[PDB]
Amino acid sequence: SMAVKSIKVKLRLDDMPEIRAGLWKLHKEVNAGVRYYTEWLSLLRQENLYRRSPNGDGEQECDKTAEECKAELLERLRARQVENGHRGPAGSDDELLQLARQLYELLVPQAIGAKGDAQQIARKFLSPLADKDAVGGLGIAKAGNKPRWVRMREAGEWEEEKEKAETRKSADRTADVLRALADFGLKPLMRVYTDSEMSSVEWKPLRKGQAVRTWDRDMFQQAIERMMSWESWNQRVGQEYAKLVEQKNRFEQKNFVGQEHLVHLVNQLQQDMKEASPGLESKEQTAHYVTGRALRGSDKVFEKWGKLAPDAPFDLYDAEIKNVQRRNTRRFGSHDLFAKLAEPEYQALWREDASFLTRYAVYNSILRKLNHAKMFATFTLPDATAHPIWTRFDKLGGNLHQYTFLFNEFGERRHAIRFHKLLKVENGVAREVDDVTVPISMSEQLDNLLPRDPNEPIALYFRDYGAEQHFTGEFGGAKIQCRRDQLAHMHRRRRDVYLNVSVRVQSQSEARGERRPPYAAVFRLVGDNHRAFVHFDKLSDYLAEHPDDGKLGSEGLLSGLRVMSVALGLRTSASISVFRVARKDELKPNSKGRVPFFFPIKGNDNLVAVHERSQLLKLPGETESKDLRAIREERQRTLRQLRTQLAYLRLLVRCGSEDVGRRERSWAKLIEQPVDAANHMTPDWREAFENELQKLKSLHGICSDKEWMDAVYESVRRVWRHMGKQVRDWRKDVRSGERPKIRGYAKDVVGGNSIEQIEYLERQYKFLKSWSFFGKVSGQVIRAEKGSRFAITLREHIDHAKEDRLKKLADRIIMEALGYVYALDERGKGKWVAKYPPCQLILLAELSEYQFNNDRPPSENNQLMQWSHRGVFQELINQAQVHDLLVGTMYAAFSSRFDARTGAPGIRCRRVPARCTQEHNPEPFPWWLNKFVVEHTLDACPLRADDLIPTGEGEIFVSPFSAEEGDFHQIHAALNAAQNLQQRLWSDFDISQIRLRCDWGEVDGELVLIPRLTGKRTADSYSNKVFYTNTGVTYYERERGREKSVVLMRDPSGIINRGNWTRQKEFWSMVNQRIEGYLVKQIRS
RNA sequence: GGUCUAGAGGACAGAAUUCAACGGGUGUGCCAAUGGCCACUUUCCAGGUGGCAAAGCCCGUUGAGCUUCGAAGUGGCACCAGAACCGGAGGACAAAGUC
DNA sequence: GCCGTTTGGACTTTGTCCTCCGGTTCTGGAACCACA
DNA sequence: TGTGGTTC
């Protein structure tokens, strides 16, 4: 309900090692206590425990079976009866096992599917289970917080709330289980950890009537928490595994019921390639099974195969596969699969049903995921070093061991933390102490915290650049943390210790006592994806109640109604456009009186959405220039040299193979061509590689096998030991190298927080991994060892690089939404200024389904991980909670392929750079300019500057503007996609207005396309309608309601095919003809 | 100034372009930002492990020298965390088949 | 023809190791009454 | 604004 934030603080423990040792001892004690109670709960559960399987990661073993638990549980219960001196009934084994299971389901209600409060369960049971004289859980004690009906009776009147206490107390089996434990001599079931032989700490003596310390209550709660969440996963994993088995059986008899002979044929196929595979021996059940990844682009190959003869030779089938791969090498599948599918014995898989293999690929993915799906969640006890939990500290006034944050205890910014209870270790003995004041290391992050009330040392103020008034906040719970790397170690040194303080920050809306900001009732956010929908009924009154008054920054959220759409990307991290809800009674802009761009709003005809500003929120390093382009090439010069040198080293190693026909085909690739025509290698190493080749050329065929192979391996050592020194010097220049470093603020940097700089680091890790695992023996596999770590310092740097990019991206988006701009003065040199009124809503693209998938090529998956847009989406929701900013998503299908102003479909294009058209020393063409010139054969055509090149992936969106051939509307692709999200917000857009999936069928005697009713919007418009044709390309609607489905497209602007419903294939070829076909024809002249 | 609208911090192209003392401090990190030496890992490179060492770092002041108008400038940025878990995919190695 | 993204290299199959990205389930309390 | 057992 309230924004919580963690500020990690470091403790200066240099001048007091007796307290540093006490904190470490306290950390070991709390982990040992949690492990004691967690182990007790696992025995009361008396079910199977599963652990991580060694000697192979994947499956899971049975660490402790149920009979082992029940046997060990009974050993403790019987020994406890003896320890309590029980003289009454001992109870049978089955009675004690049922009582223990009952108690477990009260401690962890998630075991049976119920809900449980970890705070209140641990408070309710620790004393009744560990205090010898406890009366809690029963109905005897008069203490405790008054019930909810007693609070109403005294103020706020009662009748129904006193009934709910009784009917809930009737179904409360706590009193009977505790009395059943008492009758069996188990009145103290477990032991208080601090008051037992397990702890060697000399704790403060127990008070009268005290048996449990505050430390034990911290331990017992953390044991219930980890137990509850794990039990919730046991139920969740079991359910999701059961749904998989149902998915498998509900799929065979619902997809290919009458297609049984094809299933037997593809099984022969999957085992045909299984035997004829020269790769590694198969071990998985689904090995060589037909997957969707291997069938990538099979739709194009099958249509091109249908236009052939079944008895035709291979090459015409094979060259028809090569053409599909050449069209785009990235979105292509397996050549060998299509090579075997062209064989006449397997042609029936794609000839009869052209969609069978993709259906069966889904069935194979269900088979593989079912073979790896777990049935139970692994159970791992806490460990002080391996799997640590952290000792908690309640705030001042809490019920646990508390702490105060001391502002300026030793200086201007020298803060301190006073632990009211702690441990102190002097000459090996651990001793509990009181009132320990510990200074804090300097933290500029702590400068955002200011004390609020002297009488209450919990209140604070919270600073923020995007808030003119500081937020009111309180200190919360804290936890003592140590570094994970300084944890498994022991040594004999005096280990940094941190305190992780939770800060609860109150937003400006929450400070006024409102559940939600007043503009929250205008925007409906649905689901976890925060799908945004506008209450068009209510925004006419909101503008009357909240008129624009010009207040900037965080002071203008209650005046006006603005929305900022964001288009995330890789070249530019964020592209934004701001719109304002205003009456159509407007006027001309300040500059040159050009009517402002606006969108109509559904429902309200008096109100529109006026465009305010559009910007590219480029993180540092996302710029480009002549000098920047050169430095970025030089920073990877030696790296790209060593990468290609390694590729030719492996070619030389294959020449030393024991397989005649491998070394001969490999030795052919070395002597047939020159070594480095592209000059990608270093000069000196290339010369050494040429010497060994010409040396082996004077021995090939002349010498014997075991004498030639011996020379090949000796020439590999000389060249590998040579390149080894090159890799050594390269790394020396990477860590210790003296490259220029920025001072102060500066735009146009080398890498900064750009995707390229992170991949510049990733490229170094990929090569070093390839360099260390490079094998000098041909055919040997070298993988990492079962627990090794590689490039620890570089890997942590790449992760810290992505973490810093993610947080700075979300902050830029929010600072812009709030209306703040970081501007330079050179007399102040950069300062956040409130320049614009704020936006109450940040509109993102709904991309929850754009996840990593095996169907996508591994490159496209790699980009999605570099991008990590879902991480940007979650970081925005976190940082926006304090600023009362709403973050919502919009249906993003075809957001970048349709015009935001016109509505006509378009093509992403690039413009020719002037480096390639200047007559004085022209630079070579890029990759996209070459592919475009090759497709249309424009070698003798002179390109000009800023020539549009339709590539389908550029940063410039081009759409036809009218029937005039060449009349184009050009705009930034990311900003067009950003404005499209805005246009869809105010019009209540649905994909059914542009795209429709249909199936053939009979309705009124003629063959027509029946549209698929997906969602209530599609059913509201096209349920009673149907589409007919005369040519098969342009469809028209009626009013009555092959085997594959047909997708219909529509131009809302009426420019392409007069906005009639068109088949998807011909529709986009018409868009291509009016853009690509025109630009190509004009270039030819 | 050329190109392109959204008319804005507009967008693409172009032309243009650091020491030294002393004092204080070193939360987690990034910005061209990945520490150094020695030893061990059979062997040289990579990677790992251990040890050692001084610091390297910022902030302030006083001096120097740079570089633009005697004055100014020689650092900026972001930060919601903890534990366990279940998934989703990458990376590397070898063989084979492919633009 | 491809929703969303768009890198120099791109693509598939087999097994086995290290890493990263995404999402779940718990958490980072409150308050009364006898104490001596 | 105590703690420690106890109830919400």
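As a numbering rule, every chain is indexed from 1 in the order its sequence is written, which need not reproduce the entry's residue numbers; residues that lack coordinates are not presented. Chains and ligands are labelled sequentially in the order written, the chains with letters from A and the ligands with numbers from 1. Computation of side-chain values covers all heavy atoms of the structure but excludes hydrogens and water.

Regarding how it was determined, this PDB entry cites X-ray crystallography in its header, along with a resolution of 2.920 Å.

The PDB entry lists chain A under the name CRISPR-associated endonuclease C2c1, with Alicyclobacillus acidoterrestris given as the organism. UniProt positions are given in the numbering used here, feature names are shortened, and annotations may be inferred rather than shown by experiment. Turning to chain A, the UniProt annotation filed under Subunit states: "Monomer."

What is the right way to read the pattern of salt bridges from this model?
Charged atoms that come close allow side chains of opposite charge to pair. For this analysis, a salt bridge means a side-chain nitrogen from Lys or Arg found within 4 Å of a carboxyl oxygen belonging to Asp or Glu. Taken as a whole and assessed by the stated rule, the structure comprises 57 salt bridges. Salt-bridge contacts for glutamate 231 lead to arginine 45; the nearest nitrogen and oxygen are separated by 3.0 Å. Of the two residues examined, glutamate 231 and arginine 45, each falls in the buried class. The residue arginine 562 makes a salt bridge to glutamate 612 at a minimum N-O spacing of 3.1 Å. Placement of the pair is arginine 562 in strand β14 (residues 562–568) and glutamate 612 in strand β17 (residues 607–617), with a sequence separation of 50 residues. Among the charged side chains, a salt-bridge network with shared partners connects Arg45, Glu47, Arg101, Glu105 and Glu231. Only protein chains enter the area calculation, which uses a 1.4 Å probe; residues under 20% of their type maximum are buried, those over 50% are exposed, and those in between are partly exposed. Under the DSSP-based scheme used, a helix requires at least four consecutive residues in state H or I and a strand at least two consecutive residues in state E, with every element numbered from the N terminus.

Please explain the protein's contact with DNA strand D as it appears in this structure.
Any residue with a non-hydrogen atom lying within 4 Å of a molecule or strand is treated as near it. The local shell around DNA strand D holds 26 residues, among which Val135, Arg151, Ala211, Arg217 and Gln402 are the closest. Restricting the count to atoms of DNA strand D within 4 Å of the protein gives a sugar and phosphate share of 70%. Polar contact is defined as a pair of N or O atoms within 3.5 Å, subject to the rule that within protein one atom must be able to donate a hydrogen and the other to accept it, and that residues adjacent in sequence are counted only when both atoms are side-chain atoms. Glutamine 210 has a polar side-chain atom sitting 3.4 Å from a phosphate oxygen of DNA strand D. One of the side-chain N or O atoms of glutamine 402 is found 2.7 Å from a phosphate oxygen in DNA strand D. Elements with a contribution of two residues or more to the surface near DNA strand D: α4 (118–130), α5 (148–154) and α8 (214–255). Counting residues per element, the surface near DNA strand D draws most heavily on α4, at 4 residues. In this classification, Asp, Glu, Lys and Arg are treated as charged, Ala, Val, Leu, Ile, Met, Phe, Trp, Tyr, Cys and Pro as nonpolar, and every other residue, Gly included, as polar. The class makeup of the residues in the surface near DNA strand D is 8 nonpolar, 10 polar and 8 charged.

Sorry if this is basic, but what is going on with the domain arrangement of chain A here?
Quoted interface sizes are often the accessible area lost when the parts come together. Residue ranges assigned to each domain were obtained from an automatic or database domain assignment. Entries for chain A in the domain assignment read domain 1 (3–15 + 381–511), domain 2 (19–239), domain 3 (260–352), domain 4 (526–619 + 810–891) and domain 5 (626–736 + 748–803). Summarising the inter-unit geometry, the C-alpha centres of domain 2 and domain 4 are found 49 Å apart.

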